[PDB]
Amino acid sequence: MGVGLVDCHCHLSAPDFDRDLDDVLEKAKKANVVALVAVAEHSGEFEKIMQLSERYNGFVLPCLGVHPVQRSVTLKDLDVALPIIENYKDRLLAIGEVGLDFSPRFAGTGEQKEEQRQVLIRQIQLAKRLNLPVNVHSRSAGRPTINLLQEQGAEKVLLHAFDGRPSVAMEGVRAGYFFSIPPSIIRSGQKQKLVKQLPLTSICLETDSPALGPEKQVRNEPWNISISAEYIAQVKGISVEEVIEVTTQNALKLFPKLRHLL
């Protein structure tokens, strides 16, 4: 009868959870959260993610990769990360937060934009070789990211917390890409216009814990995945159980290793 909730994108290894991660994780189980997809940002926390993956086996699923922001990412940042990913290739659910961030502060220079582009292209190629999906960031770079993903022939893709127009998002739905919705949708008008247009067959749930919570500058936790489910249910004029059943089914399609690893 009852179905579980999947957090397709979160940062459990973040310094914000160092103090109470186990209490947070036990409470998430009680809050009907069946699986957590833990993503990486830098190579320095890959061991910590793989350690959480072993301690909470079948509940915390790992993702390793180098994020566009580190300062903009460099090829040198990806070089350090490649031997570690290769060592855990069989244990990963996806390539853990890769993408582009064309924010004025981080990437203003054309060289910085190409460095990001190069680091993403290699990780799309790495993912294709290891037969793994990509868990993607695209802040202020929605069309650049989607085009690059199409060009590189990415099959299983998650566009997490899509900070872009619905016309750009429609390019992704046609490309067969998935979109995760964080609980910050209840305070964000941009995320509101997005879900409106987005078909439920292409929607997944995320928190992006410790970020993108219901309140700005207040720590976000994986149990807030129900807030996302509630917002989508009301906006789509359907049952919350329908949202929970379809988004969890979408998570199983997007991440093919999930059904077995759960």
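Numbers for residues come from their place in the sequence shown, where the first is 1.
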item	value
Residues of the deposited sequence that sit between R71 and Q70 yet are not modelled	4 to 9
119 to 127 or 164 to 172, whichever carries the higher mean Cα B-factor	164 to 172
Entry-level comparison of average CA B-factors, 205 to 213 and 230 to 238, reporting the higher stretch	230 to 238
Given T109, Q152, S180, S184, the residue at which the Cα B factor reaches its maximum	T109
Peak C-alpha temperature factor (PDB record), options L64, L194, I225, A31	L194
Third of the chain, ranked by Cα B-factor, where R55 sits	highest
Chain-wide C-alpha B factor ranking for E41, given as lowest, middle or highest third	middle
Chain-wide C-alpha B factor ranking for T145, given as lowest, middle or highest third	middle
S188, C-alpha B-factor rank within chain (lowest, middle or highest third)	middle
Chain-wide C-alpha B factor ranking for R139, given as lowest, middle or highest third	middle
